[PDB]
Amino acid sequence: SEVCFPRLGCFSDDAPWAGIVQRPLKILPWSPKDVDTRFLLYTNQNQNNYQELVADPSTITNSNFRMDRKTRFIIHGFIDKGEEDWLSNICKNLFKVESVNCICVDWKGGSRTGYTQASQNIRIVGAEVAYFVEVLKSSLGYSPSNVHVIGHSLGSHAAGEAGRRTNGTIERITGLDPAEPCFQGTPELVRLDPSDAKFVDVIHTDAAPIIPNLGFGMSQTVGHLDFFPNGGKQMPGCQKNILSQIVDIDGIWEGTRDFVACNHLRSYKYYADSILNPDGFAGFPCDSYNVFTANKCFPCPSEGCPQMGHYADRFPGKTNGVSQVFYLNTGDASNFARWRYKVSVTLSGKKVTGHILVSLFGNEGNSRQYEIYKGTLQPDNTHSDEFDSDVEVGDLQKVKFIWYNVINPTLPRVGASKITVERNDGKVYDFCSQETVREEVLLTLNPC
C-alpha cells in the first residue's frame, strides 16, 4: 500500500516498514491531520506560555523564535502529548543554563491510538519535524546544524525519522529510552541509529525484556554514546509500594505515570536534572554493569567520562565510534546527580566486628557517611569501596571515620592509619592518623 499527503510525500506499507518479522502487520500512517503534529514554542522571552508554529516562514519570522539562537525539539511518545509537564521542565531547566528555542512537539492526536498504530504515525511525526527543519534551513537560512532533537519512547524514533529525512545533518538526536517493540531489530531505516544525526546519544532507563518483566525500553544499542544509568534495567526509586509511588511528591498525576512506566519515564527525569548539574552524571566504560558495581573500573578514563544527558555532546571521544556504552549511578529522586568516589581505609585498634564508615570534607562542602566495609574489623587490613556521594565535595581537605555495632563493656577502639580518596578525576588524596576511637565516634584524619 501507499498513501501520499500534501507536504509530507508518500508512505509505503512495504518492508522493512511492515511485513518484516519484528513488525509483522501491514498498516499505514494516519492523515497528517490526525496525528495533528503541533509545534509548541517556548523561549527565555516566554517560558510559562507557548507560541505555536507551523512550517510557514512568516509564522516563525513573526514569532519569539530566534535564529541567532539554537533549537531543541522535544518529542513525546505513546499515550502522551507535547504539553505534559516533563516537556516544559526540560525547557525551563534549559532556560536556566541556556538561551534557546525550545520547541515542544505535540502529536497527541497521533499518539493515543493503538501501539502498533502509534509506532506507525511516528513517520509522519518524524516527517513533520523533518519538514520544519527543511523550511528553517532553506526558506529561513537556519542550518540543521543548530537543531538538537530529543525524543522519548516512540518519540526518539520520530527524531530518527526527522534525522533520516534530513540526510543526517541535524547536530544531535537524544534518545530518552527508545521504544523497543517493533523498533528493536528493524533496519537503520526504521529505528533511531547513529546515522540519523551528526551525534546520537541514547539513555537507556528501561532495557531488558518486554517478556516477561515488562520493559518498554531498548536493550539494543543505538547512537554513538549509550548510557545505562543504574545498569539500565531497574531504576532506583521505582520499587516503592503502590501508595507511595502514586501519591508521589510531584502530585498524583506524576505518581500514576511513574506507577505505569516508572523506569521508562526516568529517562527524561535524568535528562532534566543533568541540564543543571553539568558534572553530576559522569559515565564509566565497563565490560558490564555487574563488573562496575563489583567496583572494578573507576575513575574516569584519561579522555573523560561522558556526562549522561544534556552534556554528552561535549565528550571528546564522542563520534569516535558507535555503541560506546557507559555506566553511572543516579539518585532515587528528583535531584539524581551523584558523584562517585573511591575510598580505601586501613584499620588500627584491634579485632572487632562491625561497619566502617567515612565522610568526605572538601572546599566545596561535605558528604554523608558512606559505608565502606562491614564484618570482622581488625588492624592493618586495608578495605575499600566506592560509593555515589550525593554531594560533590570538591577538592578534599579532610575525611572522618566512624564505626559501629560491636562493643562489649570492653569499649574496644578501632581507627584508620590512612584513608585515600580517589575522585573520578583520578586524583588520590591521602589522609592519615594514628588515633583510634570507640564506636559511634568521629575520628577526623588529616592529609598526611
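Heads up: residue numbers just count along the shown sequence, starting at 1.
Higher mean CA temperature factor between 109 to 117 and 313 to 321: 313 to 321, per the PDB entry. If you average the C-alpha B-factors over 325 to 333 and over 94 to 102, the higher value belongs to 94 to 102.
Highest CA B-factor among 384, 389, 417, 405, as stated in the entry: 405. Taking only the listed residues 273, 201, 371, 250, the entry reports the highest CA temperature factor at 250. Placement of the Cα temperature factor of residue 298 within the chain: middle third of the modelled residues, per the deposited record. Looking at the C-alpha B-factors along this chain, the one for residue 437 belongs to the middle third. In the PDB entry, residue 67 places in the highest third of its chain by CA B-factor. Among the modelled residues of the chain, residue 195 sits in the middle third by CA temperature factor in this PDB entry. Sorting the modelled residues of the chain by their CA temperature factor places residue 15 in the middle third.
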